[PDB]
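Below is one structure; the comments refer to it alone.
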Amino acid sequence: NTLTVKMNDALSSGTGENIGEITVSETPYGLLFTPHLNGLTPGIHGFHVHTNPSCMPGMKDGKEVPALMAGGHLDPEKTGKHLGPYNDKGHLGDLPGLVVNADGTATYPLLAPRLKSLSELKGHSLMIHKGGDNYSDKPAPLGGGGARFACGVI
Amino acid sequence: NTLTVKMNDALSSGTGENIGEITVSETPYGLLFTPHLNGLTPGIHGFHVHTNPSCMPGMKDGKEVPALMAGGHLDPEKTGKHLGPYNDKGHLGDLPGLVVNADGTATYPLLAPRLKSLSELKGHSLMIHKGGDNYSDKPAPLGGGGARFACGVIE
Ligand SMILES: [Cu+2]
Ligand SMILES: [Cu+2]
Ligand SMILES: [Zn+2]
Ligand SMILES: [Zn+2]
């Protein structure tokens, strides 16, 4: 049982290059996200599930913002707080930071214990930000992920 | 709720330099291993709990092998299979691969959902191998961790 999520670079002018795909599976402890991607800045990237089934860019006060139409972080309990994949009090869509190797690839598997079923990701999207994620709204909001680099509807 | 384990480079002649410590904490989802290490090769390293409370070098077939006395991967139900930290059918000691940044540091926290109490780690050891870990015995046995680079013992 799997979900193959294709990921594409998000541009302010639209959808860019494909950079691989992410395969999600169920384990006795939660959903496992096993990436197979390339062309990413080495390091740890914010990685979250967003509300809307779209990666389309959008205008914000007159400026085009990449993958803006994705909406915010999946948060069916309107917590309104970014606390990470290990805190039952924040965004349910908060996944562990994506690990990007030194050669630009991402292969390290990520476990999101709070997510249990493949039906929970239906009608949403997976996002990879430019920045990292400190699993909090301080000092920088939303973990400090900043701009949206790549996105997948799934 | 916390546990600290000092890690030391493993050499054939004995215990080497200290490279920091790993703090283990209990969470509603299992044991969390938060490393504070340095002096590792960038990338992903095999990271597992080993049976024996020892990091001393041993010898096997003509050579001195670093931290050999630590024994094998903690496997209570003698599965004999290295399936990773999310598979109940393998080594209970199988932790997620250790993430080492580009500057040789290790800080990325690792969650091992299969362990729920600090007590389960008592009388064992934590191991950091030279190679990675694909959570399988194929193509290479034991996720391909290979040689033992650093080790720490525990109560
Ligand atoms: Cu996000
Ligand atoms: Cu090992
Ligand atoms: Zn969030
Ligand atoms: Zn193992």
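In listed order, ligands and their atoms are each counted from 1. Protein chains get the first letters and strands the later ones, always in sequence-line order, with residue 1 at the start of each. Keep in mind that the numbers below use all heavy atoms, side chains included, and drop hydrogens, waters and symmetry copies.
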Can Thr105(A) and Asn101(A) be counted as having a side-chain donor-acceptor contact under 3.5 angstrom?
yes
Look at the side-chain heavy atoms of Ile, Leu, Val, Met, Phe, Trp and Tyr, link any pair under 4.5 Å apart, and say whether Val24(A) and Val153(A) land in one connected group.
no
How are the rings of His91(B) and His82(B) set relative to one another: parallel (under 30°), tilted (30 to 60°) or perpendicular (over 60°)?
tilted
Does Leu92(B) share a hydrophobic cluster with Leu118(B), counting links as ILVMFWY side-chain heavy atoms below 4.5 Å and allowing steps through other members?
yes
Which of parallel (below 30°), tilted (30 to 60°) and perpendicular (above 60°) describes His73(B) and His48(B)?
tilted
Could you report the tightest heavy-atom contact between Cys151(A) and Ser54(A), atom names first, then the distance?
SG-O, 4.2 Å
With a cut-off of 2.8 Å, strictly less than, protein N/O/S atoms near the Zn ion (ligand 3) add up to 4
State whether a side-chain donor-acceptor pair under 3.5 Å links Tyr29(A) with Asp88(B).
yes
Give the cluster check for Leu126(A) versus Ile128(A): same hydrophobic cluster or not, with ILVMFWY residues linked at side-chain heavy-atom distances below 4.5 Å.
yes
So which protein N/O/S atoms does the Cu ion (ligand 1) have within less than 2.8 Å?
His48(A) ND1, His50(A) NE2, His73(A) NE2, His129(A) NE2
For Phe47(B) versus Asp133(B), what's the shortest heavy-atom pair and its separation?
N-OD2, 4.4 Å
